[PDB]
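Below is one structure, written out as structure tokens, with a few remarks after it.
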Amino acid sequence: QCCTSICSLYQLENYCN
Amino acid sequence: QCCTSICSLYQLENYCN
Amino acid sequence: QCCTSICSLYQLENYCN
Amino acid sequence: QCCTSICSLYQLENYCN
Amino acid sequence: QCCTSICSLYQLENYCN
Amino acid sequence: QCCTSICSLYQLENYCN
Amino acid sequence: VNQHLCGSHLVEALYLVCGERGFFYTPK
Amino acid sequence: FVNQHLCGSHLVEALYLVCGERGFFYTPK
Amino acid sequence: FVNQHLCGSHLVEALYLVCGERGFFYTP
Amino acid sequence: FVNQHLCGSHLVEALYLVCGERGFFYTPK
Amino acid sequence: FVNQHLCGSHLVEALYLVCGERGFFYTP
Amino acid sequence: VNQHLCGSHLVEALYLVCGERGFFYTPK
Ligand SMILES: Oc1cccc(O)c1
Ligand SMILES: Oc1cccc(O)c1
Ligand SMILES: Oc1cccc(O)c1
Ligand SMILES: Oc1cccc(O)c1
Ligand SMILES: Oc1cccc(O)c1
Ligand SMILES: Oc1cccc(O)c1
Ligand SMILES: [Cl-]
Ligand SMILES: [Cl-]
Ligand SMILES: [Zn+2]
Ligand SMILES: [Zn+2]
């Protein structure tokens with residue numbers, strides 16, 4: 001989860017539809 | 001329909017979960 | 001207020017002219 | 001003005017209180 | 001150049017240091 | 001030196017090309 | 001290129017309007 | 001800790017959305 | 001919750017960029 | 001063609017940077 | 001130049017994200 | 001996580017301050 005630690009492009013991919 | 005006109009905050013509520 | 005305690009959009013309406 | 005002709009930051013200083 | 005046409009992640013890579 | 005204080009526009013000019 | 005640019009403003013607005021509910025976004 | 005300067009930028013964006021054409025009289029940091 | 005609120009604004013902008021045409025599903 | 005609504009959001013961000021704590025009295029779209 | 005000016009604001013935000021720690025060199 | 005978040009505001013400011021000159025950005 002992306003406001004505790006920073007998320008990479010790859011972790012961010014998981015929100016995409 | 002929102003890039004080519006200012007949608008009302010009422011209307012944008014349609015995108016909410 | 002709002003940079004110490006979170007303010008909703010309804011709350012921010014009280015600062016509009 | 002500024003959304004038809006580009007305004008520099010020096011120019012925008014004229015709208016500060 | 002990225003304001004005439006849109007640039008992908010890959011075209012954007014080229015500005016990086 | 002700018003995340004942990006507001007740099008002057010004078011100071012930020014140091015990052016310009 | 002306004003389509004790409006307008007989407008970025010739309011998702012911010014949605015973020016603000018939807019609050020804890022979140023939202024679902026797609027172009028087209 | 002909240003950076004008030006940075007929080008202020010977001011608050012002004014929120015105010016712009018909320019108040020539209022009539023604008024806002026104060027930025028409530 | 002002010003910090004989480006500011007971060008989320010940043011997060012939805014990144015998602016918008018990362019996800020391109022597929023769009024995305026945001027929940028806090 | 002310039003979207004004035006969207007341009008306005010950028011102008012308010014610029015004004016926030018330029019005017020700092022004293023704020024701005026008008027958004028010159 | 002107003003449109004190119006608005007697009008560039010968006011562009012530097014994307015570059016910031018794409019480039020991560022490497023940073024970037026921006027020219028209009 | 002403020003470091004990541006503050007960088008995004010810094011690059012916008014730099015974009016605005018530097019104008020046609022551009023700028024050079026790195027973290028650290
Ligand atoms: O974890 C995060 C939060 C916000 C933006 C981002 O790129 C990553
Ligand atoms: O219809 C819209 C589009 C983009 C931003 C906004 O606040 C409203
Ligand atoms: O309390 C706040 C602070 C910043 C932006 C916002 O929408 C609300
Ligand atoms: O003329 C303009 C319009 C929008 C933002 C800005 O910095 C200048
Ligand atoms: O060509 C562009 C311009 C601005 C943002 C972006 O992601 C791509
Ligand atoms: O020193 C800074 C940092 C971030 C934004 C800004 O306008 C100034
Ligand atoms: Cl725009
Ligand atoms: Cl922030
Ligand atoms: Zn824009
Ligand atoms: Zn921020």
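In the structure tokens, the first chain shown is A, the next is B, and so on; residue numbers restart at 1 for each chain, and ligands run from 1 in the order shown.
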Moved chain E, fitted on chain C by every C-alpha in sequence order, as a tab-separated table (two decimals) with C-alpha atoms, in the first residue's frame:
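Saved to superposed08.tsv:
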```tsv
chain	number	residue	atom	x	y	z
E	1	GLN	CA	-8.67	24.38	9.47
E	2	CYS	CA	-7.48	22.27	6.68
E	3	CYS	CA	-3.82	21.45	7.27
E	4	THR	CA	-4.23	19.99	10.79
E	5	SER	CA	-7.05	17.66	9.83
E	6	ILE	CA	-8.29	17.02	6.25
E	7	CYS	CA	-11.30	19.05	5.07
E	8	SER	CA	-14.16	17.61	3.05
E	9	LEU	CA	-15.75	19.29	0.00
E	10	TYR	CA	-18.26	20.72	2.45
E	11	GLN	CA	-15.67	22.28	4.81
E	12	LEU	CA	-13.84	23.63	1.74
E	13	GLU	CA	-17.14	25.37	0.62
E	14	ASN	CA	-16.60	27.88	3.39
E	15	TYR	CA	-13.58	29.54	1.72
E	16	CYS	CA	-15.62	30.26	-1.45
E	17	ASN	CA	-16.78	33.82	-2.21
```
Do you know which residues are within 12 Å of ligand 4 using only C-alpha atoms and all ligand atoms? Can you write them as a ChimeraX atom specification?
/D:1-13 /J:2-18,27-29 /K:1-10 /L:12-19
Give me, as number ranges by chain, all polymer residues having an atom no more than 12 Å from residue 21 in chain K, counting only C-alpha atoms and skipping those fewer than 3 positions away in the same chain.
A: 8; E: 16-17; K: 15-18, 24; L: 3-4, 7, 25-28
Would you put the residues from that selection into a file with N, CA and C atoms, as a compact mmCIF listing (two decimals), in the first residue's frame?
```txt
# COMPACT_ATOMS: atom_id res chain seq x y z
N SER A 8 6.70 1.24 -6.55
CA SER A 8 7.35 1.32 -7.84
C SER A 8 6.30 1.29 -8.94
N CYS E 16 15.61 11.20 -19.19
CA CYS E 16 16.18 10.84 -17.88
C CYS E 16 17.69 10.99 -17.92
N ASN E 17 18.30 11.24 -16.77
CA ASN E 17 19.76 11.41 -16.68
C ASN E 17 20.50 10.07 -16.75
N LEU K 15 7.99 12.90 -16.26
CA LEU K 15 9.43 12.68 -16.23
C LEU K 15 9.92 12.40 -14.82
N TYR K 16 9.45 13.19 -13.89
CA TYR K 16 9.72 12.96 -12.50
C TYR K 16 9.36 11.56 -12.10
N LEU K 17 8.21 11.08 -12.55
CA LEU K 17 7.80 9.73 -12.19
C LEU K 17 8.61 8.66 -12.96
N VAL K 18 8.70 8.83 -14.26
CA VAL K 18 9.41 7.85 -15.10
C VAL K 18 10.86 7.71 -14.68
N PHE K 24 16.24 13.93 -14.17
CA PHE K 24 16.15 14.20 -15.60
C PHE K 24 16.62 15.59 -15.95
N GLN L 3 9.41 12.47 0.84
CA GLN L 3 10.48 12.79 -0.11
C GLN L 3 9.96 12.69 -1.55
N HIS L 4 9.35 11.55 -1.87
CA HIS L 4 8.77 11.39 -3.20
C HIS L 4 7.75 12.51 -3.52
N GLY L 7 9.33 16.04 -4.13
CA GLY L 7 9.96 16.16 -5.44
C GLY L 7 9.00 16.57 -6.55
N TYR L 25 17.29 18.17 -12.96
CA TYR L 25 16.78 17.71 -11.69
C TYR L 25 17.40 16.35 -11.31
N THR L 26 17.79 16.22 -10.05
CA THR L 26 18.14 14.92 -9.45
C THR L 26 17.69 14.91 -7.99
N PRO L 27 17.24 13.77 -7.48
CA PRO L 27 17.24 13.62 -6.03
C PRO L 27 18.66 13.33 -5.51
N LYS L 28 18.90 13.62 -4.24
CA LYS L 28 20.19 13.34 -3.58
C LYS L 28 21.29 14.26 -4.12
```
Quick check, in Å to one decimal: how far apart do atom 7 (O, counted along the ligand's line) of ligand 6 and CA of residue 21 in chain L lie?
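The value is 17.6 Å.
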Straight-line distance linking CA of residue 23 in chain G with atom 2 (C, counted along the ligand's line) of ligand 3, stated in Å to one decimal:
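The value is 18.7 Å.
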How many Å lie between CA of residue 20 in chain G and CA of residue 6 in chain L, rounded to one decimal?
23.3 Å
